[PDB]
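Just entry-v4.txt here, compact mmCIF, N, CA, C and O atoms:
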```
# COMPACT_ATOMS: atom_id res chain seq x y z
N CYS A 1 11.80 -8.51 44.36
CA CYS A 1 10.97 -7.32 44.01
C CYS A 1 9.59 -7.39 44.66
O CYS A 1 9.40 -8.12 45.63
N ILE A 2 8.63 -6.64 44.13
CA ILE A 2 7.29 -6.64 44.69
C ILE A 2 6.37 -7.60 43.93
O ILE A 2 6.36 -7.63 42.70
N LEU A 3 5.62 -8.40 44.69
CA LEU A 3 4.71 -9.37 44.11
C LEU A 3 3.28 -9.11 44.57
O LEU A 3 3.04 -8.45 45.59
N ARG A 4 2.32 -9.62 43.81
CA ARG A 4 0.92 -9.42 44.14
C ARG A 4 0.25 -10.75 44.42
O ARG A 4 0.39 -11.70 43.66
N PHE A 5 -0.51 -10.79 45.50
CA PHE A 5 -1.23 -12.00 45.84
C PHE A 5 -2.66 -11.68 46.18
O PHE A 5 -2.95 -10.75 46.92
N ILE A 6 -3.53 -12.47 45.63
CA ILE A 6 -4.92 -12.32 45.84
C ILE A 6 -5.46 -13.67 46.24
O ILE A 6 -5.07 -14.67 45.67
N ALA A 7 -6.28 -13.73 47.26
CA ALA A 7 -6.76 -15.03 47.74
C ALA A 7 -8.25 -15.05 47.95
O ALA A 7 -8.87 -14.01 48.20
N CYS A 8 -8.84 -16.24 47.83
CA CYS A 8 -10.27 -16.35 48.00
C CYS A 8 -10.94 -15.59 46.86
O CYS A 8 -10.26 -15.03 46.02
N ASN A 9 -12.26 -15.59 46.82
CA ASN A 9 -12.96 -14.90 45.75
C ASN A 9 -12.78 -13.38 45.82
O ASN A 9 -12.60 -12.75 44.78
N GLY A 10 -12.88 -12.76 47.01
CA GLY A 10 -12.75 -11.31 47.08
C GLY A 10 -11.75 -10.79 48.11
O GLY A 10 -11.90 -9.67 48.60
N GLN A 11 -10.72 -11.57 48.43
CA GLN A 11 -9.69 -11.13 49.39
C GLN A 11 -8.41 -10.78 48.64
O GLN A 11 -7.67 -11.68 48.27
N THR A 12 -8.17 -9.49 48.39
CA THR A 12 -6.99 -9.05 47.61
C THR A 12 -5.99 -8.18 48.39
O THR A 12 -6.36 -7.18 49.00
N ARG A 13 -4.71 -8.56 48.30
CA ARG A 13 -3.61 -7.81 48.93
C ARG A 13 -2.32 -7.87 48.08
O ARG A 13 -2.14 -8.79 47.29
N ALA A 14 -1.41 -6.90 48.25
CA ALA A 14 -0.15 -6.90 47.50
C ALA A 14 1.09 -6.85 48.42
O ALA A 14 1.22 -5.93 49.23
N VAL A 15 1.98 -7.84 48.30
CA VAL A 15 3.18 -7.91 49.15
C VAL A 15 4.45 -8.27 48.39
O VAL A 15 4.44 -9.07 47.46
N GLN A 16 5.56 -7.68 48.83
CA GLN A 16 6.86 -7.94 48.24
C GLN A 16 7.25 -9.41 48.38
O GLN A 16 7.01 -10.05 49.40
N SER A 17 7.89 -9.92 47.33
CA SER A 17 8.36 -11.30 47.29
C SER A 17 9.75 -11.38 46.65
O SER A 17 10.19 -10.43 46.00
N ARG A 18 10.43 -12.51 46.85
CA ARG A 18 11.78 -12.74 46.30
C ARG A 18 12.45 -13.95 46.95
O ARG A 18 13.47 -14.45 46.47
N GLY A 19 11.85 -14.44 48.03
CA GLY A 19 12.37 -15.60 48.72
C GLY A 19 11.45 -16.79 48.56
O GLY A 19 10.95 -17.34 49.54
N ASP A 20 11.19 -17.15 47.31
CA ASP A 20 10.30 -18.26 47.00
C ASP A 20 8.86 -17.84 47.24
O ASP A 20 8.60 -16.84 47.91
N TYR A 21 7.92 -18.60 46.70
CA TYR A 21 6.51 -18.29 46.87
C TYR A 21 5.97 -18.79 48.21
O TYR A 21 4.85 -18.48 48.59
N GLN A 22 6.76 -19.61 48.91
CA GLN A 22 6.34 -20.18 50.17
C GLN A 22 6.06 -19.09 51.21
O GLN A 22 5.00 -19.07 51.81
N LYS A 23 7.01 -18.19 51.40
CA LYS A 23 6.81 -17.11 52.37
C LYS A 23 5.63 -16.26 51.95
O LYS A 23 4.75 -15.95 52.75
N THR A 24 5.62 -15.89 50.68
CA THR A 24 4.56 -15.08 50.13
C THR A 24 3.24 -15.82 50.26
O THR A 24 2.25 -15.24 50.67
N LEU A 25 3.23 -17.09 49.93
CA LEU A 25 2.04 -17.90 50.03
C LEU A 25 1.64 -18.13 51.49
O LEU A 25 0.48 -17.94 51.86
N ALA A 26 2.60 -18.57 52.31
CA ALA A 26 2.28 -18.86 53.70
C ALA A 26 1.95 -17.62 54.53
O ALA A 26 0.89 -17.58 55.16
N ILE A 27 2.82 -16.61 54.58
CA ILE A 27 2.54 -15.44 55.38
C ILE A 27 1.42 -14.58 54.78
O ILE A 27 0.59 -14.03 55.51
N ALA A 28 1.40 -14.48 53.45
CA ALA A 28 0.38 -13.69 52.76
C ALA A 28 -0.98 -14.14 53.18
O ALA A 28 -1.82 -13.34 53.56
N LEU A 29 -1.17 -15.43 53.14
CA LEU A 29 -2.42 -16.05 53.52
C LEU A 29 -2.69 -15.92 55.01
O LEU A 29 -3.85 -15.89 55.42
N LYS A 30 -1.65 -15.90 55.84
CA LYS A 30 -1.86 -15.85 57.27
C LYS A 30 -2.61 -14.59 57.65
O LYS A 30 -3.62 -14.64 58.35
N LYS A 31 -2.16 -13.46 57.16
CA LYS A 31 -2.86 -12.22 57.43
C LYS A 31 -4.10 -12.09 56.54
O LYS A 31 -5.07 -11.42 56.88
N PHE A 32 -3.98 -12.64 55.32
CA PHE A 32 -4.99 -12.49 54.27
C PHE A 32 -6.31 -13.29 54.32
O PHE A 32 -7.37 -12.69 54.51
N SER A 33 -6.27 -14.63 54.27
CA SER A 33 -7.51 -15.41 54.43
C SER A 33 -7.62 -16.16 55.76
O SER A 33 -8.66 -16.15 56.42
N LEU A 34 -6.53 -16.88 56.08
CA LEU A 34 -6.44 -17.74 57.25
C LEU A 34 -5.09 -17.57 57.95
O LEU A 34 -4.51 -16.49 57.89
N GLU A 35 -4.56 -18.63 58.56
CA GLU A 35 -3.24 -18.55 59.19
C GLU A 35 -2.60 -19.93 59.27
O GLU A 35 -3.30 -20.93 59.45
N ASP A 36 -1.30 -19.98 58.99
CA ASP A 36 -0.57 -21.25 58.89
C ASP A 36 -0.88 -21.73 57.49
O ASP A 36 -1.44 -22.80 57.26
N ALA A 37 -0.54 -20.84 56.57
CA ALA A 37 -0.75 -20.97 55.15
C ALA A 37 0.15 -21.91 54.39
O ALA A 37 -0.20 -22.29 53.28
N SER A 38 1.37 -22.19 54.85
CA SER A 38 2.29 -22.96 54.02
C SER A 38 1.61 -24.18 53.43
O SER A 38 1.97 -24.62 52.34
N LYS A 39 0.56 -24.66 54.07
CA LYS A 39 -0.20 -25.74 53.49
C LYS A 39 -0.65 -25.31 52.12
O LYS A 39 -0.40 -25.95 51.11
N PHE A 40 -1.30 -24.19 52.16
CA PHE A 40 -1.85 -23.52 51.00
C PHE A 40 -0.97 -23.61 49.76
O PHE A 40 0.21 -23.95 49.82
N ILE A 41 -1.58 -23.25 48.64
CA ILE A 41 -0.92 -23.20 47.34
C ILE A 41 -1.41 -21.98 46.59
O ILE A 41 -2.42 -21.39 46.96
N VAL A 42 -0.71 -21.60 45.53
CA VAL A 42 -1.13 -20.44 44.76
C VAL A 42 -1.50 -20.87 43.35
O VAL A 42 -1.01 -21.88 42.86
N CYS A 43 -2.42 -20.15 42.72
CA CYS A 43 -2.88 -20.50 41.37
C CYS A 43 -3.02 -19.25 40.51
O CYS A 43 -3.37 -18.20 41.02
N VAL A 44 -2.72 -19.36 39.22
CA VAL A 44 -2.80 -18.21 38.32
C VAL A 44 -3.52 -18.59 37.01
O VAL A 44 -3.60 -19.76 36.65
N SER A 45 -4.07 -17.58 36.35
CA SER A 45 -4.83 -17.74 35.10
C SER A 45 -4.04 -18.38 33.96
O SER A 45 -2.89 -18.03 33.69
N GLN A 46 -4.69 -19.32 33.28
CA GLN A 46 -4.09 -20.02 32.14
C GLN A 46 -5.00 -19.96 30.90
O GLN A 46 -4.87 -19.04 30.09
N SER A 47 -5.90 -20.93 30.75
CA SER A 47 -6.80 -20.95 29.60
C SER A 47 -8.26 -20.85 30.04
O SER A 47 -8.80 -19.75 30.14
N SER A 48 -8.89 -22.00 30.30
CA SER A 48 -10.28 -22.02 30.72
C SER A 48 -10.40 -21.77 32.22
O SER A 48 -11.32 -21.08 32.67
N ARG A 49 -9.49 -22.35 33.00
CA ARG A 49 -9.53 -22.20 34.44
C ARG A 49 -8.17 -21.79 35.02
O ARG A 49 -7.25 -21.42 34.29
N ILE A 50 -8.08 -21.84 36.35
CA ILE A 50 -6.86 -21.48 37.07
C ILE A 50 -5.85 -22.62 37.10
O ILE A 50 -6.23 -23.79 37.21
N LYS A 51 -4.57 -22.28 37.00
CA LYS A 51 -3.51 -23.28 37.01
C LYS A 51 -2.90 -23.39 38.41
O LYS A 51 -2.85 -22.41 39.16
N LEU A 52 -2.45 -24.59 38.76
CA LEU A 52 -1.85 -24.84 40.06
C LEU A 52 -0.46 -24.20 40.13
O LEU A 52 0.29 -24.22 39.16
N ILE A 53 -0.13 -23.62 41.28
CA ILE A 53 1.16 -22.97 41.46
C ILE A 53 1.91 -23.53 42.67
O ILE A 53 1.37 -23.59 43.79
N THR A 54 3.15 -23.96 42.39
CA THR A 54 4.04 -24.57 43.39
C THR A 54 4.92 -23.57 44.16
O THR A 54 4.42 -22.57 44.66
N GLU A 55 6.22 -23.89 44.34
CA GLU A 55 7.12 -23.05 45.15
C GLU A 55 7.76 -21.83 44.47
O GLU A 55 7.10 -20.81 44.30
N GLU A 56 9.01 -21.95 43.97
CA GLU A 56 9.67 -20.87 43.20
C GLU A 56 9.19 -20.87 41.74
O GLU A 56 9.17 -19.86 41.05
N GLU A 57 8.84 -22.09 41.33
CA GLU A 57 8.38 -22.42 39.99
C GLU A 57 7.06 -21.75 39.68
O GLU A 57 6.71 -21.56 38.51
N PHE A 58 6.30 -21.47 40.72
CA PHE A 58 4.96 -20.93 40.59
C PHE A 58 4.89 -19.68 39.71
O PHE A 58 3.96 -19.55 38.92
N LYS A 59 5.85 -18.78 39.81
CA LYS A 59 5.81 -17.60 38.98
C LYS A 59 6.00 -17.97 37.52
O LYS A 59 5.24 -17.53 36.66
N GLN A 60 7.02 -18.76 37.25
CA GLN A 60 7.33 -19.17 35.89
C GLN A 60 6.31 -20.14 35.32
O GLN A 60 6.06 -20.13 34.12
N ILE A 61 5.75 -21.03 36.15
CA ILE A 61 4.82 -22.00 35.61
C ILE A 61 3.52 -21.34 35.16
O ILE A 61 3.11 -21.52 34.02
N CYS A 62 2.89 -20.57 36.04
CA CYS A 62 1.64 -19.90 35.69
C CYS A 62 1.83 -18.74 34.71
O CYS A 62 1.11 -18.62 33.72
N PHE A 63 2.79 -17.88 35.03
CA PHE A 63 3.09 -16.69 34.24
C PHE A 63 3.73 -17.03 32.90
O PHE A 63 3.88 -16.15 32.05
N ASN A 64 4.11 -18.29 32.71
CA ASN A 64 4.74 -18.76 31.46
C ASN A 64 4.24 -18.00 30.23
O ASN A 64 4.96 -17.85 29.25
N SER A 65 2.99 -17.51 30.29
CA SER A 65 2.40 -16.76 29.18
C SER A 65 3.30 -15.60 28.73
O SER A 65 3.08 -15.03 27.67
N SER A 66 4.31 -15.27 29.55
CA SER A 66 5.25 -14.19 29.25
C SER A 66 4.70 -12.84 29.71
O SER A 66 4.19 -12.06 28.92
N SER A 67 4.82 -12.59 31.01
CA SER A 67 4.35 -11.34 31.60
C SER A 67 5.47 -10.65 32.37
O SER A 67 6.42 -11.29 32.81
N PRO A 68 5.36 -9.32 32.57
CA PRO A 68 6.36 -8.56 33.31
C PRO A 68 6.30 -8.86 34.80
O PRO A 68 5.21 -8.92 35.37
N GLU A 69 7.46 -9.04 35.44
CA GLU A 69 7.55 -9.34 36.87
C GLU A 69 6.42 -10.26 37.36
O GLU A 69 5.60 -10.73 36.58
N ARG A 70 6.40 -10.52 38.66
CA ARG A 70 5.38 -11.40 39.25
C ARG A 70 4.32 -10.57 39.96
O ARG A 70 4.64 -9.60 40.64
N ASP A 71 3.05 -10.96 39.80
CA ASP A 71 1.96 -10.23 40.43
C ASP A 71 0.69 -11.09 40.58
O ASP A 71 0.50 -11.76 41.59
N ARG A 72 -0.18 -11.01 39.59
CA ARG A 72 -1.48 -11.70 39.56
C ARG A 72 -1.54 -13.13 40.15
O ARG A 72 -1.90 -14.06 39.43
N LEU A 73 -1.26 -13.31 41.44
CA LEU A 73 -1.36 -14.65 42.04
C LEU A 73 -2.54 -14.74 43.01
O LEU A 73 -3.03 -13.72 43.50
N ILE A 74 -3.01 -15.97 43.27
CA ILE A 74 -4.14 -16.18 44.17
C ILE A 74 -3.84 -17.22 45.27
O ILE A 74 -3.33 -18.30 44.98
N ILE A 75 -4.17 -16.90 46.55
CA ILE A 75 -3.93 -17.86 47.65
C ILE A 75 -5.10 -18.83 47.79
O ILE A 75 -6.29 -18.41 47.81
N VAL A 76 -4.77 -20.12 47.94
CA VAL A 76 -5.78 -21.17 48.14
C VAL A 76 -5.32 -22.20 49.19
O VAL A 76 -4.15 -22.57 49.23
N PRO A 77 -6.25 -22.67 50.04
CA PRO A 77 -5.95 -23.66 51.08
C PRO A 77 -5.60 -25.03 50.49
O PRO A 77 -6.27 -25.50 49.57
N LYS A 78 -4.55 -25.65 51.01
CA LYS A 78 -4.10 -26.96 50.53
C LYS A 78 -5.13 -28.04 50.80
O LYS A 78 -5.48 -28.82 49.92
N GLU A 79 -5.61 -28.09 52.04
CA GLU A 79 -6.60 -29.08 52.44
C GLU A 79 -7.71 -29.20 51.40
O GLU A 79 -8.11 -30.31 51.03
N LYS A 80 -8.20 -28.06 50.94
CA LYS A 80 -9.27 -28.02 49.95
C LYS A 80 -9.43 -26.60 49.40
O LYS A 80 -9.90 -25.71 50.10
N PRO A 81 -9.03 -26.38 48.13
CA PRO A 81 -9.12 -25.06 47.48
C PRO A 81 -10.55 -24.65 47.15
O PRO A 81 -11.51 -25.18 47.71
N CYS A 82 -10.66 -23.70 46.22
CA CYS A 82 -11.94 -23.18 45.77
C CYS A 82 -11.77 -21.86 45.00
O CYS A 82 -12.47 -21.62 44.02
N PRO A 83 -10.84 -20.97 45.43
CA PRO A 83 -10.61 -19.68 44.75
C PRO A 83 -10.32 -19.84 43.26
O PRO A 83 -9.81 -20.87 42.82
N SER A 84 -10.65 -18.80 42.50
CA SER A 84 -10.45 -18.80 41.05
C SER A 84 -10.99 -17.51 40.45
O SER A 84 -10.39 -16.90 39.56
N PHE A 85 -12.13 -17.09 40.98
CA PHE A 85 -12.79 -15.87 40.55
C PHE A 85 -11.88 -14.66 40.70
O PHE A 85 -12.22 -13.56 40.27
N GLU A 86 -10.72 -14.86 41.31
CA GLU A 86 -9.78 -13.77 41.51
C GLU A 86 -8.97 -13.48 40.27
O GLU A 86 -9.15 -12.43 39.64
N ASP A 87 -8.08 -14.39 39.87
CA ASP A 87 -7.29 -14.17 38.67
C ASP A 87 -8.22 -14.02 37.47
O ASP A 87 -7.83 -13.48 36.44
N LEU A 88 -9.47 -14.47 37.63
CA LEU A 88 -10.46 -14.36 36.57
C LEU A 88 -10.86 -12.89 36.37
O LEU A 88 -10.53 -12.29 35.34
N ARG A 89 -11.57 -12.33 37.35
CA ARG A 89 -12.01 -10.94 37.27
C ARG A 89 -10.97 -9.99 37.85
O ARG A 89 -10.22 -10.35 38.77
N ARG A 90 -10.91 -8.77 37.31
CA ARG A 90 -9.95 -7.76 37.76
C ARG A 90 -8.52 -8.26 37.59
O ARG A 90 -7.60 -7.77 38.25
N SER A 91 -8.33 -9.23 36.71
CA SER A 91 -7.01 -9.79 36.47
C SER A 91 -6.87 -10.35 35.05
O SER A 91 -5.77 -10.41 34.50
N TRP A 92 -7.99 -10.78 34.47
CA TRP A 92 -7.99 -11.34 33.12
C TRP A 92 -7.15 -10.51 32.15
O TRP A 92 -6.39 -11.05 31.35
N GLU A 93 -7.30 -9.19 32.22
CA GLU A 93 -6.56 -8.30 31.33
C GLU A 93 -5.05 -8.40 31.59
O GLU A 93 -4.53 -9.50 31.77
N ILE A 94 -4.34 -7.27 31.61
CA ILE A 94 -2.91 -7.28 31.83
C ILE A 94 -2.54 -6.45 33.05
O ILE A 94 -2.11 -5.30 32.93
N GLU A 95 -2.70 -7.04 34.21
CA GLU A 95 -2.37 -6.34 35.45
C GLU A 95 -0.90 -6.52 35.80
O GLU A 95 -0.23 -7.33 35.12
```

What is this file in structure tokens?
Amino acid sequence: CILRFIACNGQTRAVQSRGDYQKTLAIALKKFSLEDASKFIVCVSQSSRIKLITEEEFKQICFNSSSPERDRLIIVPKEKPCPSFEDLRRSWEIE
């Protein structure tokens, strides 16, 4: 189906997903923040801060809170992350 990915503090885009988060994470980021993203990882809102997101598990691990379909995700570089203000603002509610 369609998935949403947001990366960096203010870099937001929405792309279809269904073949693991790797393509979504790697290609999403390539056009979105940088390029050659598979290094990268995705993170989603949990309690106080952002939770780490892996491969296919990433939707279920972060979204575990029980949400409809997959969307509110954030792209972050593997070498060294930093994003978080994304799932935080304009996402805290129920997007």

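Closest to residue 71 of chain A among A:8, A:26, A:43, A:34 is A:43, based on only N, CA, C and O atoms.
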
Report task. Please provide the set of residues having any atom within 8 Å of residue 78 of chain A, restricted to only C-alpha atoms, with same-chain residues fewer than 3 positions apart removed, written as a list in words. Result -> residues 39, 40, 41 and 81 of chain A

Take the residues from that selection and write them out as an mmCIF file, in the coordinates of the input, keeping N, CA, C and O atoms.
```cif
data_model
loop_
_atom_site.group_PDB
_atom_site.id
_atom_site.type_symbol
_atom_site.label_atom_id
_atom_site.label_comp_id
_atom_site.auth_asym_id
_atom_site.auth_seq_id
_atom_site.Cartn_x
_atom_site.Cartn_y
_atom_site.Cartn_z
ATOM 1 N N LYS A 39 0.560 -24.660 54.070
ATOM 2 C CA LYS A 39 -0.200 -25.740 53.490
ATOM 3 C C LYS A 39 -0.650 -25.310 52.120
ATOM 4 O O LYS A 39 -0.400 -25.950 51.110
ATOM 5 N N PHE A 40 -1.300 -24.190 52.160
ATOM 6 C CA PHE A 40 -1.850 -23.520 51.000
ATOM 7 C C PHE A 40 -0.970 -23.610 49.760
ATOM 8 O O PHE A 40 0.210 -23.950 49.820
ATOM 9 N N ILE A 41 -1.580 -23.250 48.640
ATOM 10 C CA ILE A 41 -0.920 -23.200 47.340
ATOM 11 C C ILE A 41 -1.410 -21.980 46.590
ATOM 12 O O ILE A 41 -2.420 -21.390 46.960
ATOM 13 N N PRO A 81 -9.030 -26.380 48.130
ATOM 14 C CA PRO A 81 -9.120 -25.060 47.480
ATOM 15 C C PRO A 81 -10.550 -24.650 47.150
ATOM 16 O O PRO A 81 -11.510 -25.180 47.710
#
```

Query raised in the report: With only N, CA, C and O atoms as the atoms that count, which of A:45, A:9, A:33, A:1 lies nearest to residue 82 of chain A?
Result: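 Ranked by minimum distance to residue 82 of chain A, first place goes to A:9.
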
Query - Which residue of A:2, A:73, A:55, A:19 approaches residue 85 of chain A most closely, using only C-alpha atoms - result: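 The answer is A:73, which sits nearest to residue 85 of chain A.
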
Could you list, as a PDB file with N, CA, C and O atoms, in the frame of the given file, every residue within 9 Å of residue 49 of chain A, counting only C-alpha atoms and ignoring same-chain residues fewer than 4 positions away?
```
ATOM      1  N   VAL A  44      -2.720 -19.360  39.220  1.00  0.00           N
ATOM      2  CA  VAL A  44      -2.800 -18.210  38.320  1.00  0.00           C
ATOM      3  C   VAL A  44      -3.520 -18.590  37.010  1.00  0.00           C
ATOM      4  O   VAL A  44      -3.600 -19.760  36.650  1.00  0.00           O
ATOM      5  N   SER A  45      -4.070 -17.580  36.350  1.00  0.00           N
ATOM      6  CA  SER A  45      -4.830 -17.740  35.100  1.00  0.00           C
ATOM      7  C   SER A  45      -4.040 -18.380  33.960  1.00  0.00           C
ATOM      8  O   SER A  45      -2.890 -18.030  33.690  1.00  0.00           O
ATOM      9  N   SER A  84     -10.650 -18.800  42.500  1.00  0.00           N
ATOM     10  CA  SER A  84     -10.450 -18.800  41.050  1.00  0.00           C
ATOM     11  C   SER A  84     -10.990 -17.510  40.450  1.00  0.00           C
ATOM     12  O   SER A  84     -10.390 -16.900  39.560  1.00  0.00           O
ATOM     13  N   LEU A  88      -9.470 -14.470  37.630  1.00  0.00           N
ATOM     14  CA  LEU A  88     -10.460 -14.360  36.570  1.00  0.00           C
ATOM     15  C   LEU A  88     -10.860 -12.890  36.370  1.00  0.00           C
ATOM     16  O   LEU A  88     -10.530 -12.290  35.340  1.00  0.00           O
TER      17      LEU A  88
END
```

Requested in this report: Might you pull out every residue within 8 Å of residue 95 of chain A, with all atoms listed in the file counted and same-chain residues fewer than 5 positions away left off, and present them as a list in words?
Outcome: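 Returned residues: residues 67, 68, 69, 70, 71, 72 and 90 of chain A.
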
Report task. Find the residues near residue 6 of chain A: any atom within 7 Å, counting only C-alpha atoms, skip ones fewer than 2 places away on the same chain, and give them as a list in words. Result ->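 Counting only the stated atoms, we get residues 4, 11, 12, 13, 73, 74, 75 and 86 of chain A.
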
Query raised in the report: Which residue gives the smallest distance to residue 36 of chain A among A:50, A:77, A:56, A:10, with all atoms listed in the file counted?
Result: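 Checking each candidate against residue 36 of chain A, we get A:77 as the closest.
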